[PDB]
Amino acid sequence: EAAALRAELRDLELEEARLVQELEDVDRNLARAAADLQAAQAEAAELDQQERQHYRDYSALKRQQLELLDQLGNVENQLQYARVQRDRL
């Protein structure tokens, strides 16, 4: 009568076998989710790169534009001086 212990062992052993099985399902499900995340992450790095390229292009072009505004400001100065002198006549 001390082998109800046997039945207890059987029950526990199947409970474990059932968990193991479920764990197998969650594992291959976890693999599929991690691959989808990994892919999106890579896509995100890529986008970061495109963004950087467009921003750096803008910064560069901005540099050009500030210089050109300096040059233009100077020509405007010389235009102002020459037209004052001209009017002096």
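So that there is no doubt, residue numbering starts at 1 and follows the sequence shown.
- Annotation for 75 to 83 versus 9 to 17: the higher mean temperature factor (C-alpha) is found in 75 to 83.
- Sort the modelled residues of the chain by CA B factor and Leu23 lands in the middle third.
- Per the deposited record, the Cα B-factor of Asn29 falls in the highest third when ranked against the other modelled residues of its chain.
- Residue-level temperature factors show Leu68 in the highest third of its chain, judged at the C-alpha atom.
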